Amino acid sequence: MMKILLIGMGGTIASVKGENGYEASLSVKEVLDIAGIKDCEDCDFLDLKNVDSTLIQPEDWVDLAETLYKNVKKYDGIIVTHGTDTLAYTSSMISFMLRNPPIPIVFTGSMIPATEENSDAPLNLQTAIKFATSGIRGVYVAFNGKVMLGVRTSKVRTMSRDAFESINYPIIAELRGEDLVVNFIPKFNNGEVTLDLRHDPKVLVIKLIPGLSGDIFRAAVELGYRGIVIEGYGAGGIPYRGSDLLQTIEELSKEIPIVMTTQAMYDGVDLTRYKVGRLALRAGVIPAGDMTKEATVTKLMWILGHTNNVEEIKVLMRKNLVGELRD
């Protein structure tokens, strides 16, 4: 029957409490054994990386995307074990780099090392295995009995089992007993499996705070940053009182994309709603709509691997590519 591949990237799930605190150490095969999984007769194992996900770089996304693409024909499902810190960035970026996969690609990990007795690893691996053999294609994240679309997933808690949520977007599937029950299936168009590794990682994310001036923005441009994301307040906007920020934005927004997302967790941005928003639009700011913060950052990096034309970048950022955005 079904053949699945497990790819190890590291993470708390594979970690041990060494000298300087937890660090990734175990292989993905060892992780499965320790977590007590046996329903894996026809399971292949590959260790791609073995790091605390805080260490993940954009080139690791390239390496992982390539590896996935080389293996989508050979397997019925692929599971990637990964640290939780940057799990959502990786699942978001891979969603852009590897479009219309013919199989489920499921990211998972744990908040508590698999070695530990109270570990969330066995549940998460079980959920991942159940989904990887479901026939439901796409890039997903399995965590705490939930399956979420990889490009709509964010880490919301640092010290809880329920660490990940689907942001502004319905759960794909959820455990009821041992029944993984479907809640919502994304509406894919199924084109040709497409690998597209092009990206530019040189982007800056600045949190809007009272009194912020435009000086660090023009410094970023001088440093050769190719894009800036600003987390505004609430539905989004730029203050015009108190700083040269709006004036600074008006000048820079035609040299580089300036993307507005929100500091809040849920509901995203809508710049048409307030005067501060519409001024931000007039200044050339690109809205990130209802995208997660991780999808916004990775999508911008990915697009910058294709074009530096701000107008075109605006069009692509506003276009729903893989389910990351409400069109």
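Note that residue numbering begins at 1 and tracks the sequence as displayed.
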query = Averaging C-alpha B-factors over each stretch, which comes out higher, 152-160 or 179-187?
reply = 179-187
Entry-level comparison of average CA B-factors, 22-30 and 295-303, reporting the higher stretch = 22-30
inquiry  = Take the CA temperature factors straight from the PDB entry and tell me which of 95, 166, 108, 115 peaks.
reply    = 115
message = Maximum C-alpha temperature factor per the entry, among 72, 87, 129, 209, belongs to which one?
response = 72
inquiry  = Can you tell me whether residue 325 has a C-alpha B-factor in the lowest, middle or highest third compared with the other modelled residues of the same chain?
reply    = middle
remark   = residue 54: C-alpha B-factor third of its chain, per the entry, is the lowest
note = So, residue 213's CA B-factor, relative to its chain, sits in which third? The middle
query = For residue 133, does the deposited CA B-factor place it in the lowest, middle or highest third of the chain?
reply = middle
key: Chain-relative CA temperature factor third for residue 259   = lowest
